[PDB]
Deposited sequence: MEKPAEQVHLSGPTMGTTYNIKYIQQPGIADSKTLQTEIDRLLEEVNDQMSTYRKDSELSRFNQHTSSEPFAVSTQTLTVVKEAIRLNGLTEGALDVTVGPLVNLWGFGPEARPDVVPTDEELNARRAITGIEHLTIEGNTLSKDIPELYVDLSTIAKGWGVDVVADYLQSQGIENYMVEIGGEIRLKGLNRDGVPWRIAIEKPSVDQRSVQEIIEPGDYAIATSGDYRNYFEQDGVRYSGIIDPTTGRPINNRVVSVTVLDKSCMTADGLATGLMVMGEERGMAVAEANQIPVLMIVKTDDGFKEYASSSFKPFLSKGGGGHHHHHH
């Protein structure tokens, strides 16, 4: 088969799109110009790094009056609220002020650790309860609420590009943005698209079929000294970077937006409560956990068939 590869910058990372050419398909340059327009739009709606994005303008809004947003932004926020419910508070897109405090957002930070008083002041302006939606509108009940969609708008971008390839008659694709992946159909060799799971480096290749895959963390954090764990993933209950022994969480779901949110959420819950949610909701999840004698893999019932 003829496999076409498109690549470009978005969201402070890169995209890689592979697809199998077919008779009557639009040319690669037409498709790429539209892919770049759609991804610029995801950035102009939902990038916290763009001061004039819809999301940043909501973040700068001080009043509790409903703030009108695009249907795309509303869809992503609506899914973040549903995932907050599913992960019992662990996925909370209102931790923006803590993400920024700890040095993982657009805010310029020193290498000095926040004081207890600085940390408690940011914790006070976080909580999913401050955020409500109504039609294509968002509302904040405290002026300083800062919503961060970094954990989910990446998967959303993958879904937008995958829907656009489907809309152009392309049934055989891999869409990847910053390691968030969506697959359909068959690769160059007429086999199901191949993905590697990295283990403490050791690589197992799986075939998810028609599915999205998201991973939080990677294998390398396993080799780091003991000490306060370095992480851009915040535990909303402590206001601090997570400090559990979960190395990586991989999730499969038909939506890449959903996989991306779940992988981060279940990682925050930790393996005992995270694997119970995965079992209760038939989520395909693979967790790598660090132990004293090495690492453990926990595969959910619905992940095991891919191994």
Could you name the stretches of the deposited sequence that have no C-alpha atoms in this structure?
1-4, 205-209, 317-328
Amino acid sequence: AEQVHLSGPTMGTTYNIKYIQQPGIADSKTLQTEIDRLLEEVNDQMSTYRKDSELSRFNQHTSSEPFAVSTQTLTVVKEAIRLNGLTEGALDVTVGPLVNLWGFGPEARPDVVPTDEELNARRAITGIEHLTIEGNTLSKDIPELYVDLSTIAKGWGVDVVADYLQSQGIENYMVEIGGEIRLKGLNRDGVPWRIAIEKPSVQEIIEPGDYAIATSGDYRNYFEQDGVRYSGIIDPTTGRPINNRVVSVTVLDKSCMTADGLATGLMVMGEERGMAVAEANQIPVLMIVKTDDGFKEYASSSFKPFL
From here on, numbers count along this sequence of modelled residues.
Looking at the entry, does 214-222 or 88-96 show the higher mean C-alpha B-factor?
214-222
Look up the CA B-factors in the entry and say which stretch, 116-124 or 150-158, has the higher mean.
116-124
Per the PDB entry, maximal CA B factor within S64, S56, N43, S255:
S64
Per the PDB entry, which option out of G105, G169, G227, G179 has the greatest Cα B factor?
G227
Quick tally, chain-level thirds of C-alpha B-factors: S248 sits in the middle
For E79, the third of its chain into which the C-alpha B factor falls:
lowest
B-factor third for the C-alpha atom of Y15 within its chain:
lowest
Grab the CA temperature factor for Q32 from the record and place it in the lowest, middle or highest third of its chain.
middle
Ranking the modelled residues of this chain by C-alpha B-factor as given in the entry, is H130 in the lowest, middle or highest third?
lowest
